[PDB]
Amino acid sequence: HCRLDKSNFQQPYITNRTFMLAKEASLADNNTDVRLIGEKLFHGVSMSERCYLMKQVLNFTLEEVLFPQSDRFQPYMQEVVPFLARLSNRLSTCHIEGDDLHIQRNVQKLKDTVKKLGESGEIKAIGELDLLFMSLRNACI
């Protein structure tokens, strides 16, 4: 069962940090065509499965994007990662009954895009932490 308490998204300090990190990383992004978290990602996914979908994206973002580039974007990274990780932890006892193929297919497209763009693909992801934060909030509360 996937739900996150809204209180997680209402603290001024950490919210500001997460958004400044997104700004920082985006001021170093060049792709003006591809948006990782957008309409295509949620396409064909019911409201009730969106939090589960976001769980995948968050896991990927911590694992293959944030944990890597830790030596960068200081001192934002140092505060934001623990926070996102706490959230990813809460969502581990969260699953869905049905078929998650269409969902995994959507996430796959995002994972592909990041790996293909390599180094900067990770930069783009971090530049989108503001959309990640908004998506987690809307899908999980």
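All residue numbers refer to positions in the sequence shown, first residue = 1.
- Of the other compared PDB entries of this protein that include residues on both sides, all give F42 atoms, none of them, and so not a third, leaving it without.
- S120, modelled here, also has coordinates in every other compared entry of this protein that models residues flanking it, well short of the third needed to call it frequently missing.
- Higher average CA B factor: 1-9, of the stretches 1-9 and 131-139.
- Of the two segments examined, 88-96 and 46-54, it is 88-96 that shows the higher average Cα temperature factor in the deposited entry.
- Per the deposited record, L27 carries the highest C-alpha B-factor of all listed residues (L27, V80, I37, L62).
- Sort the modelled residues of the chain by CA B factor and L117 lands in the highest third.
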